[PDB]
Amino acid sequence: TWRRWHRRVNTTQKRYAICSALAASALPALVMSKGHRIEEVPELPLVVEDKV
Amino acid sequence: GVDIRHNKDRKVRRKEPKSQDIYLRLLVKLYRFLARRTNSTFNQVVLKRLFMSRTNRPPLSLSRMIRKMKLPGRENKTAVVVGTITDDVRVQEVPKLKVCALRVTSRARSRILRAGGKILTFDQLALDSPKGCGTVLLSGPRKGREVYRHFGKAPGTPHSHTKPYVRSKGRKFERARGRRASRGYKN
Amino acid sequence: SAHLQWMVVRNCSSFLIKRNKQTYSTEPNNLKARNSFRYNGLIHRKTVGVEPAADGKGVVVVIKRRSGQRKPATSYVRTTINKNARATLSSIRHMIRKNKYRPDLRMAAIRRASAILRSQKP
Amino acid sequence: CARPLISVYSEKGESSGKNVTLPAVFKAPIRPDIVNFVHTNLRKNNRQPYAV
Amino acid sequence: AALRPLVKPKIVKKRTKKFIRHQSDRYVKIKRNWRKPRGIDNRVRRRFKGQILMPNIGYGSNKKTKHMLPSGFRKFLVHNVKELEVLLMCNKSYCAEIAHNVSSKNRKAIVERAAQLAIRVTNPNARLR
Amino acid sequence: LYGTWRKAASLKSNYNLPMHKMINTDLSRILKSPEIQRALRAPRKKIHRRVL
Amino acid sequence: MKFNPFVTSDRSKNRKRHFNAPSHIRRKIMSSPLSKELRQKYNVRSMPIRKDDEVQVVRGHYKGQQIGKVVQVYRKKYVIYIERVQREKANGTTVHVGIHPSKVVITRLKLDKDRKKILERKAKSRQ
Amino acid sequence: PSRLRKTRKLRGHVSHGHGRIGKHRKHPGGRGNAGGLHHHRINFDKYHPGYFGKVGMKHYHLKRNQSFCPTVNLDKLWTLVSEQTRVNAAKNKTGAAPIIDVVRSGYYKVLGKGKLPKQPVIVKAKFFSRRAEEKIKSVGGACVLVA
RNA sequence: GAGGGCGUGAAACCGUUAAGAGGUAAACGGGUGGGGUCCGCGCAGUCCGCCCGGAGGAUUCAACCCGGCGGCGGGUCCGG
RNA sequence: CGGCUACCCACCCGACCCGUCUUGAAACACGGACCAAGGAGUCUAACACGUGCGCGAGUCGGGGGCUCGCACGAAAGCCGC
Ligand SMILES: [Mg+2]
Ligand SMILES: [Mg+2]
Ligand SMILES: [Mg+2]
Ligand SMILES: [Mg+2]
Ligand SMILES: [Mg+2]
Ligand SMILES: [Mg+2]
Ligand SMILES: [Mg+2]
Ligand SMILES: [Mg+2]
Ligand SMILES: [Mg+2]
Ligand SMILES: [Mg+2]
Ligand SMILES: [Mg+2]
Ligand SMILES: [Mg+2]
Ligand SMILES: [Mg+2]
Ligand SMILES: [Mg+2]
Ligand SMILES: [Mg+2]
Ligand SMILES: [Mg+2]
Ligand SMILES: [Mg+2]
Ligand SMILES: [Mg+2]
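So the protein lines, in turn, are chains L, P, Z, V, R, Y, S and E. If you count the first sequence from 1, position 27 lands on 133 in PDB author numbering, and the numbers rise without skipping. If you count the second sequence from 1, position 72 lands on 73 in PDB author numbering, and the numbers rise without skipping. If you count the third sequence from 1, position 20 lands on 21 in PDB author numbering, and the numbers rise without skipping. If you count the fourth sequence from 1, position 19 lands on 21 in PDB author numbering, and the numbers rise without skipping. If you count the fifth sequence from 1, position 12 lands on 13 in PDB author numbering, and the numbers rise without skipping. If you count the sixth sequence from 1, position 41 lands on 303 in PDB author numbering, and the numbers rise without skipping. If you count the seventh sequence from 1, position 88 lands on 88 in PDB author numbering, and the numbers rise without skipping. If you count the eighth sequence from 1, position 142 lands on 143 in PDB author numbering, and the numbers rise without skipping.
This is the structure in structure tokens:
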């Protein structure tokens, strides 16, 4: 039970990975190569209103 | 048999950079193309320093990067560093020089922009100088590393000045037999 | 950022079938199945592809607009050419040659259109 | 490093007149190996240990 | 006489024995896969004459004739219609091979699409009524 | 919550955006720019194979 | 999605409670859907089955137009038996066929005062 | 990572990376620091000189609390107060000088280095060195002792 | 071919059938030869994709322009 | 008609039964009747070196606190007088 299970990450690297993932979620080629169907979808990242 | 000589097949070299950084690989591609297509030994050495490891690229410092351009003949030249230029607490005045390095720290970039200099990246350095004209390549203090001060023939046999490993630098830790003549021998 | 997109997509994608042989892309807009950089339909700002028609007769050509990025509803403009194989082969030849639009992959578009016309005529 | 404008889509699908400037999070660099590193360490964090 | 692919030369293998393991004949607990012996007395490791031959780099076939079927194609395995249609560009050197877990109902559609796209399939007449 | 490269983040206390390694990173544009092609040797496409 | 932490999504514990549930729980488990005219007339979706309910079989080896009356409800075997559905043995003796009560369409219910109270609670909780 | 571990690579070799002749069994030489004077003197000596014996006085009940004196250098003496402060205080105004109180920063003793500009300041500390005090007198500052 | 320790049913071992062999105990590596099972093919008739000169039919573009939509490219950075 | 092939047989040549202790094994050195399953360099702490990443004269929240009661949430986000 005393195996080193949980691994701490630097908060700068955590925020770095969040920024990198949010940046890579903007390009159409990366998300299409991940496999989401963006054929009939309008413009990249979609902004919906506050009534949603 | 043909060769009576020993088979030392690969010499020493690191061909591809072990870092998986995509931007570093793009810089490796660009400066490899320039190093094999421009006949520029500056591009050769910068491509070798991009092949070089993270540890063997020591961080440059702001005072040294000032003093290497304070010398006569380095007024209008650009400082090219394969590595990081960091802040220094020591100096107070920063000249109007140009910087071409990777991953400059925030306080260093802020003080260079306050002083009026211009920082660049390696793609802009390549667009401004394919052969590398008007550039001075710099390197940092490798031998001032804490790891390199343990390295020698011994810790103490011709007294050897090379820092034996111990927990606490003080009394009662490795100070009696071989460190003074009153307790046994002395080095 | 096309080189960034290639250096990310060339591994760890929902493509790149590395199954017992070399790499195949299968790449829903493509001209050659080799997952290469010069033949790629999702990453480049200017892309050419040919596909079979939904009715069964003719070849449709999907070309990237370049008048607007990050908007995939209008990023691909399509045309439906149903000609007697030489008029449409010359049509795609003049469309690629007479424009600046992708001087590369001429023979990719031409060979795939000709092979799909041979697979379509019987 | 330019920040384009993205149209805001309504609940019907029509582009509204509201246009918000793209933030720099989507212009941040993309490091999938650092994403994979931090993702691996958080997956190691995300588990009950196992049977002893 | 089906498709007759492009120029493929005479294919040599430099030996065709798929080298047996030492003392696999004497004991039936030993599978006939190769396994490098690391004994200090073994005649096979010492490379005595009149013994079996160990697989080494010298038995490597030519890169032009590597992974080549005797028909002249290179095989690629296929599960469905889109993985058959990916071979539309290079059908004159690469043949299809339907997976074993594909039923007859989809297998007839795969072989019909292969006959339309002129892609060689290695097993066209298997698992039929 | 993250900001631009001009200002800091106003919600996170000690965070800034990462340093951008290659600013204008179109490698095809760089290699086909006239500033690079002004200083190239020659296109050497001879093979010089083995002569029996 | 399960939100209360006092109930299992656990397969072993659910199968344990299912195959070792007492008879009053097994009555709730062995419940049967209703015909469309009876649910239109009573506004109720599901009811437990009893000895004198008329049954149309919807699935199995025998399907449809078999409106018969059940005779036995083995809650140990989770099986009701229907008088109409028969099968002969080797020796010419008839025997009933195992039918699970979830594949059972009830066309007629047995009326009782307790069943009127049950139907009132069903209609009031459905609202 | 056991798939990156050398043990998975060495499956097939008989002695498994430790030789057939030497036969590393349990603990061949001893345990821990065994034989510090008898038979491992070429490892304890010649790699850790000074290891055996007593050296000096035995201060009973020692704390690393009374001798607390963090040393600040003359290079670190400036950036304890912001650069805007020293520029707007020494922009040719008058003979007034800003006060840098290192006890507020948490550093007690001021020591000497180089790189001390002409613009004088006032340093309040609990301790000083004569080199730093001469540097402050040379640049024209004032040395102030506080408790 | 699920018949009461009854899902799937391998190896060691045994029985029977079919084939082959049998003085240097059996077994093996290199090289062939013979036999048998099986596979692909049509066995003195199987190769294809393009161009041109010849013989009949059936169609309408293309060659040039008018009608029209969508994109490529630069200039006045004109109109914002 | 052609076919390499984990099928069988014959012929010429070579060929002692594997593993280890050993300077030396086919040994008149030891274990091994055969077959199926299990079976042997893992984990923690500490240190040193090499490598990759982030920040960089600073670095690190692992100790707690903040969010509404959420399956994945024993996760993750934030603290900065
Ligand atoms: Mg040789
Ligand atoms: Mg050698
Ligand atoms: Mg030996
Ligand atoms: Mg359980
Ligand atoms: Mg070895
Ligand atoms: Mg010994
Ligand atoms: Mg030893
Ligand atoms: Mg059984
Ligand atoms: Mg069975
Ligand atoms: Mg016989
Ligand atoms: Mg030995
Ligand atoms: Mg002996
Ligand atoms: Mg031996
Ligand atoms: Mg004996
Ligand atoms: Mg023995
Ligand atoms: Mg024995
Ligand atoms: Mg086993
Ligand atoms: Mg290190």
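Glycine included, every Cβ here is placed at the ideal spot set by N, Cα and C.
Report the CB separation of residue i from residue j in whole angstroms; it is logged as a contact under 8 Å.
i	j	result
residue 139/L	residue 37/V	That pair is no contact at about 15 Å.
residue 134/L	residue 71/Z	6 Å
residue 25/Z	residue 41/Z	Between residue 41/Z and residue 25/Z the Cβ distance is about 13 Å, and since that is not below 8 Å, they are no contact.
residue 49/S	residue 104/S	7 Å
residue 122/R	residue 99/R	6 Å
residue 102/Z	residue 64/Z	7 Å
residue 43/P	residue 122/P	Between residue 122/P and residue 43/P the Cβ distance is about 17 Å, and since that is not below 8 Å, they are no contact.
residue 113/E	residue 136/E	6 Å
residue 30/S	residue 75/S	6 Å
Is the CB of residue i under 9 Å away from at least one CB in chain E?
i	result
residue 21/R	no
How would you list, in chain order, the residues of chain V whose beta-carbon sits under 7 Å from the beta-carbon of residue i?
i	result
residue 283/Y	31
residue 5/Z	32
At the 9 Å Cβ level, is residue i part of the contact set with chain V, yes or no?
i	result
residue 277/Y	no
residue 109/L	yes
Using a C-beta to C-beta distance shorter than 7 Å, which residues of chain Y count as neighbours of residue i?
i	result
residue 2/Z	287
Would you say residue i reaches chain P, if we count a Cβ-Cβ gap shorter than 9 Å as a contact?
i	result
residue 53/E	yes
residue 51/V	no
residue 25/V	no
residue 301/Y	yes
residue 8/Z	yes
residue 118/E	yes
residue 2/E	no
If we count the other Cβ atoms within 10 Å of its Cβ and call it buried at 16 or more, is residue i buried or exposed?
i	result
residue 40/E	exposed
residue 294/Y	exposed
residue 90/R	buried
residue 96/R	buried
residue 49/E	buried
residue 127/R	exposed
Who are the neighbours of residue i on chain E, taking C-beta pairs under 7 Å?
i	result
residue 173/P	56
Spell out whether any CB of chain Y is found under 9 Å from the CB atom of residue i.
i	result
residue 146/P	no
residue 43/Z	no
Taking 6 Å as the limit between beta carbons, can you name the residues of its chain near residue i, skipping five residues before and five after?
i	result
residue 264/Y	271
residue 84/S	66 and 68
For residue i, which residues in chain V fall below 9 Å Cβ to Cβ?
i	result
residue 280/Y	30, 31 and 33
Along chain Z, in chain order, which residues have C-beta atoms closer than 9 Å to that of residue i?
i	result
residue 91/R	33, 34 and 35
residue 150/L	70, 71, 72 and 73
Enumerate in chain order the residues of its own chain whose CB-to-CB distance from residue i is below 8 Å, with the five nearest sequence positions on each side excluded.
i	result
residue 138/E	144
residue 58/S	64, 103, 104 and 105
residue 51/Z	32, 60, 61, 62, 63, 93, 110, 113, 114 and 117
residue 39/Z	105 and 106
residue 19/P	54
Given residue i, which residues of its chain have a CB within under 7 Å of its CB, disregarding the five upstream and five downstream residues?
i	result
residue 8/S	14
residue 24/R	31
residue 89/S	95
residue 130/P	136
residue 92/R	118, 119 and 120
Hey, is residue i's beta-carbon within less than 9 Å of any beta-carbon in chain Z?
i	result
residue 49/R	no
residue 147/L	yes
Under 8 Å between beta-carbons, which chain L residues line up against residue i? List them in chain order, please.
i	result
residue 46/V	111, 112 and 113
Got a sec: is the Cβ-Cβ distance from residue i to anything in chain L below 9 Å?
i	result
residue 274/Y	yes
Residues of chain Z with CB closer than 7 Å to the CB of residue i, please, in chain order.
i	result
residue 139/L	10, 14, 15, 16 and 43
Residues of chain E with CB closer than 8 Å to the CB of residue i, please, in chain order.
i	result
residue 39/R	13, 14 and 15
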